[PDB]
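S.K.: Sending over a structure as structure tokens; questions will come in a sec.
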There are 2 protein chains.
Amino acid sequence: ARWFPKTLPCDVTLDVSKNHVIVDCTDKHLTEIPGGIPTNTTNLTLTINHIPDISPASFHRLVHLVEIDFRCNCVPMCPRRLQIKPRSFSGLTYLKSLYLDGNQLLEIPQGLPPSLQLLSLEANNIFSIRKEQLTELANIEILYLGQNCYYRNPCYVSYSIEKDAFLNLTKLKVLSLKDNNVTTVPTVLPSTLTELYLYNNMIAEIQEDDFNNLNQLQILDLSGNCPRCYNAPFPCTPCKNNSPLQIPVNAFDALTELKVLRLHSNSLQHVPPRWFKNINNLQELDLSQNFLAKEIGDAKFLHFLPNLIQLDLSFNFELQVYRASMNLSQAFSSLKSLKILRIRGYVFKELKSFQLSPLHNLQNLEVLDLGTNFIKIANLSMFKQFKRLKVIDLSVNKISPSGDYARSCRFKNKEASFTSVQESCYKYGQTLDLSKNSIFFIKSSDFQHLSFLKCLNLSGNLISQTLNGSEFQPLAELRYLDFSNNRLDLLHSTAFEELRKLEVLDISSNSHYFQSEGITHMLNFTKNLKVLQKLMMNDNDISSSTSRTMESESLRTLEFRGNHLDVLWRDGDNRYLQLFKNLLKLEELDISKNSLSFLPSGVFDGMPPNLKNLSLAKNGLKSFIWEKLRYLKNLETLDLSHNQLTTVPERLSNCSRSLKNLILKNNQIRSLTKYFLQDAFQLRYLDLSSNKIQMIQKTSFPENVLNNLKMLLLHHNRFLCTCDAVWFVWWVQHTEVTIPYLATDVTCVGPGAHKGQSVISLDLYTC
Amino acid sequence: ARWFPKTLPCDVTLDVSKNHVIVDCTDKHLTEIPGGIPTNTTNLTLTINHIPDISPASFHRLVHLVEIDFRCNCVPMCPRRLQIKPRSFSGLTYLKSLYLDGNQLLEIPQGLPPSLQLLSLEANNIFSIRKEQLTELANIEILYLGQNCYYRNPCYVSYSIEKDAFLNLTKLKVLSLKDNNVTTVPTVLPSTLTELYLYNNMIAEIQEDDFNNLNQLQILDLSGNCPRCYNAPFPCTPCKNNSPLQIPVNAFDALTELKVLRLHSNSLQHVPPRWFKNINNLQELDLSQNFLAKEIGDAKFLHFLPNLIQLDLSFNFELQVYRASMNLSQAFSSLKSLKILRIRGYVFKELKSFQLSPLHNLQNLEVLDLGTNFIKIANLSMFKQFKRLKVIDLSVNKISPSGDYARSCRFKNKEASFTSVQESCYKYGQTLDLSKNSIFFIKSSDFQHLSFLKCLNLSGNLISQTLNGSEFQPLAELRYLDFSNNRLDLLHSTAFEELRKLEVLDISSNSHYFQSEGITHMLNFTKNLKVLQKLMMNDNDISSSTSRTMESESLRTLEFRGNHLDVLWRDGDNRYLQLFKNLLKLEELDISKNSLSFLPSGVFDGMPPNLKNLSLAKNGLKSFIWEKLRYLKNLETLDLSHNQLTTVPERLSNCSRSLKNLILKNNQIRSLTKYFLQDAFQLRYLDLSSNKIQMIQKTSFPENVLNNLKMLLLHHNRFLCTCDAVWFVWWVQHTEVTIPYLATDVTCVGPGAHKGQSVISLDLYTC
Ligand SMILES: *[C@@H]1O[C@H](CO)[C@@H](O[C@@H]2O[C@H](CO)[C@@H](O[C@@H]3O[C@H](CO[C@H]4O[C@H](CO)[C@@H](O)[C@H](O)[C@@H]4O)[C@@H](O)[C@H](O)[C@@H]3O)[C@H](O)[C@H]2NC(C)=O)[C@H](O)[C@H]1NC(C)=O
Ligand SMILES: *[C@@H]1O[C@H](CO)[C@@H](O[C@@H]2O[C@H](CO)[C@@H](O[C@@H]3O[C@H](CO[C@H]4O[C@H](CO)[C@@H](O)[C@H](O)[C@@H]4O)[C@@H](O)[C@H](O)[C@@H]3O)[C@H](O)[C@H]2NC(C)=O)[C@H](O)[C@H]1NC(C)=O
Ligand SMILES: *[C@@H]1O[C@H](CO)[C@@H](O[C@@H]2O[C@H](CO)[C@@H](O[C@@H]3O[C@H](CO)[C@@H](O)[C@H](O)[C@@H]3O)[C@H](O)[C@H]2NC(C)=O)[C@H](O)[C@H]1NC(C)=O
Ligand SMILES: *[C@@H]1O[C@H](CO)[C@@H](O[C@@H]2O[C@H](CO)[C@@H](O[C@@H]3O[C@H](CO)[C@@H](O)[C@H](O)[C@@H]3O)[C@H](O)[C@H]2NC(C)=O)[C@H](O)[C@H]1NC(C)=O
Ligand SMILES: *[C@@H]1O[C@H](CO)[C@@H](O[C@@H]2O[C@H](CO)[C@@H](O[C@@H]3O[C@H](CO)[C@@H](O)[C@H](O)[C@@H]3O)[C@H](O)[C@H]2NC(C)=O)[C@H](O)[C@H]1NC(C)=O
Ligand SMILES: *[C@@H]1O[C@H](CO)[C@@H](O[C@@H]2O[C@H](CO)[C@@H](O[C@@H]3O[C@H](CO)[C@@H](O)[C@H](O)[C@@H]3O)[C@H](O)[C@H]2NC(C)=O)[C@H](O)[C@H]1NC(C)=O
Ligand SMILES: *[C@@H]1O[C@H](CO)[C@@H](O[C@@H]2O[C@H](CO)[C@@H](O)[C@H](O)[C@H]2NC(C)=O)[C@H](O)[C@H]1NC(C)=O
Ligand SMILES: *[C@@H]1O[C@H](CO)[C@@H](O[C@@H]2O[C@H](CO)[C@@H](O)[C@H](O)[C@H]2NC(C)=O)[C@H](O)[C@H]1NC(C)=O
Ligand SMILES: *[C@@H]1O[C@H](CO)[C@@H](O[C@@H]2O[C@H](CO)[C@@H](O)[C@H](O)[C@H]2NC(C)=O)[C@H](O)[C@H]1NC(C)=O
Ligand SMILES: *[C@@H]1O[C@H](CO)[C@@H](O[C@@H]2O[C@H](CO)[C@@H](O)[C@H](O)[C@H]2NC(C)=O)[C@H](O)[C@H]1NC(C)=O
Ligand SMILES: *[C@@H]1O[C@H](CO)[C@@H](O[C@@H]2O[C@H](CO)[C@@H](O)[C@H](O)[C@H]2NC(C)=O)[C@H](O)[C@H]1NC(C)=O
Ligand SMILES: *[C@@H]1O[C@H](CO)[C@@H](O[C@@H]2O[C@H](CO)[C@@H](O)[C@H](O)[C@H]2NC(C)=O)[C@H](O)[C@H]1NC(C)=O
Ligand SMILES: *[C@@H]1O[C@H](CO)[C@@H](O[C@@H]2O[C@H](CO)[C@@H](O)[C@H](O)[C@H]2NC(C)=O)[C@H](O)[C@H]1NC(C)=O
Ligand SMILES: *[C@@H]1O[C@H](CO)[C@@H](O)[C@H](O)[C@H]1NC(C)=O
Ligand SMILES: *[C@@H]1O[C@H](CO)[C@@H](O)[C@H](O)[C@H]1NC(C)=O
Ligand SMILES: *[C@@H]1O[C@H](CO)[C@@H](O)[C@H](O)[C@H]1NC(C)=O
Ligand SMILES: *[C@@H]1O[C@H](CO)[C@@H](O)[C@H](O)[C@H]1NC(C)=O
């Protein structure tokens, strides 16, 4: 509630349906908590700042607070550790969540309210755990005590937990003890635990009664214990004699609701089937970064996982061993519900069709990861049986053509699963990611029996070929093709002619052949592509073009950034003025970073009629004309950021009748016209931040136009706060226009003592 | 003769034994020829400048000139073409050589003296050749008329040569017609020709009487005629139907003294043995960039080349064809005198031992080039039979470990053979250049049967390994090892321990594992290397080191540039002060680009006692102490160029008693001490160029010290030419100290009209 604030430099978000008020003071360099904080707020954000300590009077009048964040308030360049006065949190009866990460605390704070449900104490100096200060946390549910003693934040003392310290926490559900130098599992954990995170510790042995009472556990993590330290870019200590993490056969017996089990980087050598005897509902299993190269050939334990969804076996290669072929056990056919399989780091020479026979009967298999394996010989025709597969990974391996602040400072989710990189080519269907491979020329015979491929990635292969319309012949149903970081010779206009169903084409980073001058550059090759929608050819350094115009009856998006359009539009050269005129359906243009010092008169007349998104960022426009914008009758998102413009148009209404997203970020504008926004009711977005503007007059910024503006930025510039802008001073602190960084970035240059003064916090009584 | 010049801005070199005086005015921006040119000079250099034309009075008083250079005086940003007045060269009776390249001349200049022997007319607009203006050149010997009409300098007209134009040039020996758009060989060439250069032309057919009278010819070039235009980064026009260069069988019949024959890039398909029937003394043969992939398997023509020395067969791959193996004909055994063989661009999958059987009996074979072939499988043990070989090339191909201005503006030599890149590893003996390969880990078994290798290059392989002293076991006689552009983990001090005879070790560009902090960095691994002489570990970004000191009893050169020595020598950290103290035999140090803002007191005490070459360039030394140089009793080549120093030492004699090569290039020094060079008789080299110095006093630059100075640089700085430096003005134009760029780079800032005035050309009479 309270809606209208007074001088708070933090953003305020209101949710009437959820009855939640959010105050975000992230990255504000506040030495102390500002005054005037509303009593109706619920979430308080107090991240990285210069707060010396916490006083009980800080939250004296705040009783509706349910979330307090204090993450990374002092990262070890920082003063002494934060001190918490006694009874500093007892007044918050409605508190439910509290974050105290990165505060260099020595002991667990006391006096916490009994209504607390979440507590985070990561990146602290708490290496001792006793029941006395845990008695007050009898109603807690989620506890985060990780990252207290490890290589980044050392304490030189092993973690000490007294007996039955967590036993009385009946409401505990999630416990995290990662990177805490823990040696022994803290028995006895409460029976209501669901997620246990003991990874990245120094645990060497597991007792048979360690998880005897945990029956509702769902997520168990035991990574980093006795890890594989070979070629490790971080300080890790192998266990002795290379010994593996000793886990008894009858260890996971009481676990019946377990769903996620992570054993990554444990130096394991054998996986007994007795482990998975009781856990029948296991879904995700991680066994990466181990020494299970021989176990994969046997994989006897896979017979007890009928409901497995994810299986990770990455980076299990043997030292000084180069396998001739991948040895997949026949027990892999028992994974009926398997969906994702990763066999990276299993470096081997040749991949054959019969080696993937166990995976032929997996109906639910979607993702098959095989990258980073240095596969030399691989017949691509063997993938014709994997039509149901969604993503096939053929990454940095060497397949060739066939011959004849800290972590806790952000990410409030804390313990979260590894989110897979969702590439733009996955949504189009079947994907064959052949990027960064040893393919140097394309043959139509290699891609045979692959008519079902809806996507193909060939970035980084460094292919030097002159396509003429016969290489991608079998790829009849291909819709997305990536050809970035290659050497494409556009000597013929029939390139990509046989790709009848192609929609998105990427030929970026092909600067090699485009940099040469005098050779033919057929830029009209898009005419044959009937259903092409997006074309990305940026960072190509295109300086000359044999074709006068580019023709495409369906192209909608064209990226032409990082090229040389100044030479194409050189003074006295009108050949390439109407280069984009024939693109009838084009709606978005990205001609940026083209070293365009000036725009010759006539380019706007040659622009496509349906242009809607024009960008000219980082171009260095010394003088950009404005009267020529009348030709574009559909422009709505003109962008001129990071340019060297110096004059705004006399009347924006006379220039464009549909512009609504004007952007002039990081420009050099000292003053605006006296009728800059006169009768321009169609505008909704305006940006003038990072400029050299001095003052704004009333006649240039009418309130009628400003009422409908969704966003307006005037921060990080050189405004002068004298008695000549009393109207601006009154309006900036009395309007509802969303102006971000109104009290943190925009300051006053002068005069004199007014250096660094907040404009919204200005009151010139003598004016 | 004449020894002492007056105001010439060109360097003068005297050779009394050869009676030759050399005047070099290269890159001087002289609008007109300067006055006071000596009449005794012999070689005149008048390269790229702003000379409008040539007048007969330019060489009126010069009669001893024997060489005039006018290369690239107007490169097409340039005014109208250079005009030569009639009878502008008839007064030079002793002229023998004349260069007129890059002058945009339309016709051959007339009035040349009959004593001329060399004439260069490259990069001109002369596309017509007639006997009338060639009559005056009856005594010429070397003619250069190439680069007159091609893609860089087009003329849109085919070259026209009248019948028997060169017939009467009886003294002609070398003729060049490269890149001249020539269609037909200009019959009839004189019988005294020795070198003919008709390459890079549009010749489509060769007549049987084309070389009927050439019996003394030695070098013949026919490249570029009907070239292989596939993947060509330059504008080339394939001949029709791909047709090859039609050469009759009885074409090279009259040639008996021919030694070099170049047929590179001719689209040849078959090489009949009839061509080499008469030429028995052929030494170098070039057949690269052709379609002779099938001919290599036959190679029937190789039986007629018993004295062949060089054979080039690079880039003869077939389009859309990936050969399974290299097919070398058995006729290669007939090349008894073969020394260099290049089989690049013959892309094939696997290389076997039996495929190199024809080369097993070549006793004189030294270089075997096989790079850029994409070889996948290659057993390195098959090279044990090639012990007599000097260089073995295993370049960018994908071998993996075994499994289980213009051109004429410079280069006065003009037509010169392609000089092979002499790498630093060739002088040490047998070389196995395995750079840029697909090797990702090193095994001792792979390098078996290779004990004869004296050099090994492994740069760019990107190997991530933690060597412990067992990988390079069979390489007992290795003396040079290159490990640049890799990922070396120095977790053990026993690395490279088994390389008992290693002398030079290069571990540069290994920044990956050295950038990480907290892991062990054993920098004392050089202790085991008993005979190590040079160690290059630059560009490694070394910021921490587990070892306190580096020990080596034989190391002499150490390159430590592009690292992080500021953190190692951080204030309050004296652990790594004596890092190089134990290097007793060290004599050269290259600690540069280390971001050293300042040198902590004590590093000079920890320097090796035998240090002789210290470099601190591009370090940013804000304040470099000088009194500590007394510790180094053997310093002679101190370098502080490209630094941010601001004060010179009070007395250089008190600082160092042996410094003789002080360098302070690109520094920021405004003034020198009044006793900078007092009693410093041991100095021989001094550099203060590119500084902000204002004036030099007499008491700081005594003539006694300046007499023995070999070189002294004071150019490109901010000297002030007022009446306060009359002694400097008198001395700079009255001393014999070698000061380069005395009249071209060093100018006067002021005062007023004295902007840009030459210091050596100053005469203040009013002073
Ligand atoms: C202001 O503070 C409030 C508390 O003081 C915040 O309310 C919290 O909002 C989160 C959601 O953002 C709730 O989390 C719930 O989690 C359960 C369990 O899901 C678990 O598993 C999923 C994966 O399947 C995982 O993503 C979750 O993080 C959990 O680990 C869900 O079923 C719920 O739908 C919900 O996501 C908290 O319970 C809730 N706290 C309280 C006390 O209600 C609020 O988000 C804050 N607002 C801002 C803007 O920061
Ligand atoms: C000043 O001008 C003088 C002429 O006006 C220059 O004298 C010339 O010097 C060059 C050497 O630099 C002489 O070239 C001779 O070439 C023959 C033939 O060798 C040929 O083959 C070799 C490869 O084996 C090749 O490198 C050569 O270039 C030749 O193609 C050699 O046998 C000789 O030793 C010598 O190298 C000229 O003959 C000579 N000209 C005259 C008229 O004597 C002088 O070099 C100029 N000085 C400067 C500093 O520019
Ligand atoms: C995680 O906990 C273990 C507990 O053992 C820590 O190991 C201990 O580390 C300290 C600090 O390096 C060692 O103290 C050392 O003692 C030697 C004398 O023996 C002294 O010369 C050193 O200067 C140092 O004070 C201690 O010995 C060692 N414990 C054992 C059993 O070896 C480890 O450091 C902790 N990890 C982190 C990141 O804090
Ligand atoms: C085809 O495969 C290539 C290589 O596998 C993909 O290129 C890679 O794409 C990812 C995601 O866009 C890039 O990651 C990003 O890197 C930047 C730094 O450049 C970082 O700031 C981002 O946060 C993100 O991590 C990755 O750099 C890029 N690799 C290269 C060499 O460009 C490409 O996206 C694939 N194409 C399709 C259509 O899937
Ligand atoms: C090397 O010599 C050949 C000699 O044939 C040159 O080919 C000629 O090039 C000119 C200029 O491009 C061509 O003239 C053209 O004529 C057409 C009408 O046919 C006109 O529309 C063009 O605007 C142009 O004026 C000429 O036809 C052509 N000769 C032949 C037989 O095709 C070639 O240009 C020369 N190369 C260089 C680098 O100068
Ligand atoms: C081992 O093999 C590698 C690669 O074959 C050699 O590196 C290459 O060395 C050459 C000659 O020093 C470099 O050429 C130079 O390039 C610079 C530009 O970087 C240019 O300014 C010079 O004029 C010259 O052309 C080449 O760049 C370099 N390649 C790489 C990737 O670094 C290496 O020298 C070999 N080592 C030994 C001991 O022979
Ligand atoms: C694939 O892995 C399996 C399991 O490790 C291998 O089968 C074992 O092979 C060894 C060596 O011959 C025998 O001693 C074992 O008795 C075999 N066990 C079983 C269950 O068969 C198999 O040889 C591997 N195949 C390849 C090609 O490496
Ligand atoms: C990759 O596998 C496919 C199919 O298994 C091979 O295609 C065969 O090609 C030959 C010659 O073109 C035909 O005679 C066969 O009938 C094809 N097989 C089938 C099942 O139709 C292809 O040759 C393999 N690639 C390589 C390099 O061996
Ligand atoms: C596209 O390029 C391919 C590759 O050169 C052409 O295929 C060749 O065509 C020629 C002329 O008909 C034949 O002599 C070759 O035998 C063909 N090679 C192969 C491997 O088939 C193809 O004709 C070109 N297509 C177009 C339309 O230019
Ligand atoms: C793309 O434009 C080029 C010209 O820039 C077109 O090439 C011309 O094609 C016609 C028709 O065969 C020829 O008569 C001309 O001689 C060609 N000119 C050049 C310079 O090659 C090409 O056809 C166009 N392609 C498309 C698909 O429109
Ligand atoms: C290596 O090259 C030789 C010469 O081209 C090949 O020998 C020819 O092979 C063809 C095809 O079998 C025959 O028609 C010719 O009669 C052969 N000529 C001679 C002189 O033998 C040979 O087959 C090639 N070998 C390989 C492995 O490619
Ligand atoms: C590369 O060639 C060498 C020699 O030709 C092979 O060395 C053989 O190795 C086996 C097993 O170690 C021995 O039984 C043989 O006696 C060796 N040959 C000789 C001549 O001594 C080596 O195996 C080959 N590499 C590969 C990958 O096959
Ligand atoms: C290089 O220096 C390291 C120390 O920085 C040496 O390692 C020590 O070796 C001794 C002898 O075995 C051990 O007692 C120490 O515990 C080691 N210290 C560490 C930190 O590992 C190493 O031996 C030196 N190597 C050489 C060749 O002198
Ligand atoms: C124009 O591009 C911007 C880029 O952020 C996008 O937000 C906007 O929706 C686009 N407008 C149209 C009409 O596509
Ligand atoms: C500017 O706008 C006014 C008012 O609509 C109009 O009268 C005038 O013609 C316009 N001028 C230009 C150059 O568009
Ligand atoms: C010191 O290094 C320079 C680098 O050019 C070299 O010229 C000089 O000979 C070296 N001096 C000694 C004594 O090696
Ligand atoms: C400087 O040199 C003079 C003369 O040799 C000597 O007397 C004096 O002690 C020296 N001072 C220093 C600091 O070296």
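Following the order of the structure tokens, chains are lettered A, B, ..., residues in each are numbered from 1, and ligands are numbered from 1.
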Quick one: which residues from chain A are at most 9 Å off chain B, using only C-alpha atoms, as an MDAnalysis selection string?
M.R.: chainID A and resid 151:152 230:236 320:325 348:349 374 376 398 401:404 438 441:443 464:466 489 512:513 516:520
S.K.: Within 8 Å of ligand 14 (counting only C-alpha atoms and all ligand atoms), which residues show up? I'd like them as number ranges by chain.
M.R.: A: 587-588, 612-614, 636-637
S.K.: Can you tell me which residues surround residue 706 in chain B at a distance of at most 12 Å, considering only C-alpha atoms, apart from same-chain residues fewer than 2 positions away, and format the answer as a PyMOL selection string?
M.R.: chain B and resi 677-686+698+700-704+708-712+731-732+735-739
S.K.: Any chance you can output those residues with C-alpha atoms as a CSV table (one decimal), in the first residue's frame?
M.R.:
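Listing of out_18.csv after writing:
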```csv
chain,number,residue,atom,x,y,z
B,677,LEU,CA,76.7,12.1,-18.9
B,678,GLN,CA,79.5,13.3,-16.6
B,679,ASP,CA,82.6,11.0,-16.7
B,680,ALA,CA,80.5,8.2,-18.4
B,681,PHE,CA,83.1,7.1,-20.9
B,682,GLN,CA,81.9,3.5,-21.0
B,683,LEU,CA,78.6,4.3,-22.8
B,684,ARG,CA,78.4,3.7,-26.5
B,685,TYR,CA,74.6,3.8,-27.3
B,686,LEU,CA,72.0,6.2,-26.1
B,698,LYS,CA,76.4,21.9,-22.6
B,700,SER,CA,75.1,17.6,-19.6
B,701,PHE,CA,76.5,16.5,-23.0
B,702,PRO,CA,80.3,16.8,-23.0
B,703,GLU,CA,82.0,16.4,-26.3
B,704,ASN,CA,84.5,13.9,-24.9
B,708,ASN,CA,82.9,7.7,-28.8
B,709,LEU,CA,79.1,7.4,-29.2
B,710,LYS,CA,78.3,5.0,-32.1
B,711,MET,CA,74.6,6.1,-32.3
B,712,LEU,CA,72.4,8.7,-30.8
B,731,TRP,CA,76.8,21.2,-32.1
B,732,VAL,CA,74.0,19.3,-33.9
B,735,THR,CA,79.5,16.9,-35.0
B,736,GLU,CA,80.1,13.5,-36.5
B,737,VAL,CA,77.7,11.6,-34.2
B,738,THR,CA,75.4,9.3,-36.2
B,739,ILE,CA,72.0,10.8,-35.7
```
S.K.: Please extract the residues of range 339-417 of chain A with a backbone DSSP assignment of strand (DSSP E) and present them as a list in words.
M.R.: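 So, restricting range 339-417 of chain A to strand (DSSP E), we get residues 340, 341, 342, 348, 349, 350, 351, 367, 368, 369, 377, 378, 391, 392 and 393 of chain A.
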S.K.: Would you export the selected residues with C-alpha atoms as a short mmCIF file (atom, residue, chain, number, x, y, z; two decimals), in the first residue's frame, please?
M.R.:
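The resulting file, again-v5.cif, is reproduced below:
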```
data_model
loop_
_atom_site.label_atom_id
_atom_site.label_comp_id
_atom_site.auth_asym_id
_atom_site.auth_seq_id
_atom_site.Cartn_x
_atom_site.Cartn_y
_atom_site.Cartn_z
CA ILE A 340 18.39 -37.58 -22.05
CA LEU A 341 21.73 -39.39 -22.35
CA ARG A 342 25.15 -37.71 -22.18
CA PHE A 348 37.20 -42.73 -28.78
CA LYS A 349 38.30 -42.93 -32.40
CA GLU A 350 35.51 -44.38 -34.55
CA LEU A 351 31.74 -44.52 -34.04
CA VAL A 367 18.60 -36.02 -26.50
CA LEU A 368 21.77 -37.97 -27.31
CA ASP A 369 24.87 -36.01 -26.28
CA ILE A 377 35.30 -41.63 -38.37
CA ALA A 378 31.51 -41.37 -38.09
CA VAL A 391 18.66 -33.29 -30.45
CA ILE A 392 21.76 -35.13 -31.70
CA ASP A 393 25.06 -33.72 -30.44
#
```
S.K.: All residues within 6 Å of ligand 7 are required, counting only C-alpha atoms and all ligand atoms; please report them as a list in words.
M.R.: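 Those residues are residues 294, 297, 298 and 327 of chain A.
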S.K.: With only C-alpha atoms and all ligand atoms as the atoms that count, which of A:742, A:380, A:84, A:65 lies nearest to ligand 8?
M.R.: A:380
S.K.: To check your reading of the model: which residues sit at most 6 Å from ligand 2 when counting only C-alpha atoms and all ligand atoms? Write the answer as a PyMOL selection string.
M.R.: chain B and resi 22+43+66-67+96-97
S.K.: Using only C-alpha atoms, determine which residues lie at most 10 Å from residue 334 in chain A, disregarding the query and same-chain residues fewer than 5 positions distant; provide the list as a PyMOL selection string.
M.R.: chain A and resi 302-308+358-359+361-362
S.K.: Restricting it to C-alpha atoms, dump the selection as a PDB file, in the first residue's frame.
M.R.:
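Wrote part.pdb, looks like this:
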```pdb
ATOM      1  CA  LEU A 302      21.218 -50.376 -15.320  1.00  0.00           C
ATOM      2  CA  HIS A 303      18.788 -53.300 -14.955  1.00  0.00           C
ATOM      3  CA  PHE A 304      17.376 -51.790 -11.733  1.00  0.00           C
ATOM      4  CA  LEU A 305      16.439 -48.378 -13.210  1.00  0.00           C
ATOM      5  CA  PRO A 306      13.215 -48.798 -15.214  1.00  0.00           C
ATOM      6  CA  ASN A 307      11.987 -45.239 -14.522  1.00  0.00           C
ATOM      7  CA  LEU A 308      15.254 -43.380 -15.158  1.00  0.00           C
ATOM      8  CA  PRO A 358      21.213 -50.810 -27.437  1.00  0.00           C
ATOM      9  CA  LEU A 359      19.688 -47.338 -27.895  1.00  0.00           C
ATOM     10  CA  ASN A 361      14.704 -49.560 -28.808  1.00  0.00           C
ATOM     11  CA  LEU A 362      14.447 -46.474 -26.557  1.00  0.00           C
TER      12      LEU A 362
END
```
S.K.: Any residue with an atom at most 6 Å from ligand 12 counts, using only C-alpha atoms and all ligand atoms. Which are they? Put them as number ranges by chain.
M.R.: B: 379, 381-382, 402
S.K.: Throw together the list of residues within 7 Å of ligand 9, counting only C-alpha atoms and all ligand atoms, and drop it here as an mmCIF file with N, CA and C atoms, in the first residue's frame.
M.R.:
```cif
data_model
loop_
_atom_site.group_PDB
_atom_site.id
_atom_site.type_symbol
_atom_site.label_atom_id
_atom_site.label_comp_id
_atom_site.auth_asym_id
_atom_site.auth_seq_id
_atom_site.Cartn_x
_atom_site.Cartn_y
_atom_site.Cartn_z
ATOM 1 N N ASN A 468 26.987 -24.122 -55.248
ATOM 2 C CA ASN A 468 26.249 -23.760 -56.450
ATOM 3 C C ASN A 468 24.846 -24.354 -56.476
ATOM 4 N N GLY A 469 24.388 -24.940 -55.377
ATOM 5 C CA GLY A 469 23.039 -25.447 -55.282
ATOM 6 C C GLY A 469 22.882 -26.947 -55.382
ATOM 7 N N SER A 470 23.897 -27.723 -55.002
ATOM 8 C CA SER A 470 23.810 -29.175 -55.052
ATOM 9 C C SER A 470 24.347 -29.872 -53.811
ATOM 10 N N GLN B 320 35.537 -32.438 -54.391
ATOM 11 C CA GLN B 320 34.548 -33.371 -53.850
ATOM 12 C C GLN B 320 35.080 -34.799 -53.786
#
```
